[PDB]
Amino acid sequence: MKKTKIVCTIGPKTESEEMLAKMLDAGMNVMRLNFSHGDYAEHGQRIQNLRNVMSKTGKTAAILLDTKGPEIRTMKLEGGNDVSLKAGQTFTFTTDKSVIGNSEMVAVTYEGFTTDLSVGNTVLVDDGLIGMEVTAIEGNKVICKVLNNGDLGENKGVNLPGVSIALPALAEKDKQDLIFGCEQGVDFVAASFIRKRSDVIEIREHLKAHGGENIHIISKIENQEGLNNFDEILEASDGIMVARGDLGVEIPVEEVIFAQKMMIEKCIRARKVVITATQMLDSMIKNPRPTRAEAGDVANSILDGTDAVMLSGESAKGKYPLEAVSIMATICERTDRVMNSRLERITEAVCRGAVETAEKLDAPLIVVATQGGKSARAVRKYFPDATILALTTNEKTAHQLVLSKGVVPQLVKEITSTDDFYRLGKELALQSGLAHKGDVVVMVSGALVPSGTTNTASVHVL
């Protein structure tokens, strides 16, 4: 019933085949492997468990590897004791990795800390808990004024709002994780902390060098620089993950909502998948139902037009993973059902016209022939009322279309001509149970053209 797709982070509490089967039943479509945690054996077993469930059940799902990414962290403290920092005090960061910290100084993991920052910049420590102002930079030290009281622990994330950070596109561990991704045949790589087009290119070349040229890159937009370069990032990527939580400590709080809406809108126009993620139903880590605010947040992201919504801790380690997935699916179908098409060069003319024709003829189903998935994503751009049945001979395309809104992939032996596509599509339409005898279906394909163009629309009664 629902069209919006659900990404579920799988962890210890949901990794068993029993759980994965019930997760798919409840509406999960894509497994997220979060490589900030776990080791290759845990993630590898999760992949095995899912593909076994898919084989036994005939269910289709996609697998997304989400990188840890490069980051700036504080380091160790004296006797590993927390230190209490006070508004107004001076506090210093050093790039000397040998230093053990105290209430006056701590080391950071990033040698470029002194170069990238300027006097007057803001330094945020521990997911924005403690704010500081840079007052001087001397040698390997960044000297600051603490702006608010807070307890500093060990190895805390550092955020530098509005700063262009010269960290590499990939941490060394990320590069090995991507090779693991290629070994395992993952369908998507979600790359963290993408700031510019060149970051995306480096990831693409790394995957290409290990046989992952057909893996789709989902760039995570987490700070102002990525927002500034969004158009070029999107062009080089296959999709976008809107990381609202990270944006919330990196840009003015009133900008975050319009950053999400703008990024979703541009992804739609580019025919590229977008995932809304972080801080979705987090209260369900501890509670069996979400808050009103969370449900509204999720629903507005769907009304914005997102292809997919993502569960993190709620599904990986929380106490009510199945409840979280089920209420997410309820939110999806309740919100999708009240959304309308948006019908306002060749592919788009044909795909937009195909959706218009389907709407005017009350067709419940658009059947699309596709090799790389573009024709299905081109139809989805207009938010058809009809479900999209996407026929492909490409197993990776079949998996990847699971993430696109309102698309049902079906792997087929092959499609040998335009008329054979019509014959086969009509029977698979009936077999799918998505349409019935007497229903109108619209059938969209590329005839006598290279694989990337969609140029033909045809109307059939089942």
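Each residue number is its position in the shown sequence, starting from 1.
Per the record, residue 344 and residue 345 are separated by 4 to 9 deposited residues that have no coordinates. Relative to one another, 92 to 100 and 372 to 380 have unequal mean CA B-factors, and 92 to 100 is the one with the higher figure. Between 36 to 44 and 49 to 57, it is 49 to 57 that carries the larger average Cα temperature factor according to the deposited entry. Of the candidates 289, 173, 271, 197, the one whose C-alpha carries the top B factor in the deposited record is 289. When the Cα B-factors of 313, 252, 168, 239 are read from the PDB record, 313 comes out highest.
For residue 461, the recorded CA B-factor ranks within the middle third of the chain. Only modelled residues enter the ranking. Ranked against the other modelled residues of its chain, the C-alpha B-factor of residue 145 as given in the entry falls in the highest third. Annotation for residue 415: C-alpha temperature factor in the highest third relative to the rest of the modelled chain, per the entry. The PDB entry assigns residue 223 a C-alpha temperature factor belonging to the lowest third of its chain's modelled residues. Looking at the C-alpha B-factors along this chain, the one for residue 396 belongs to the highest third.
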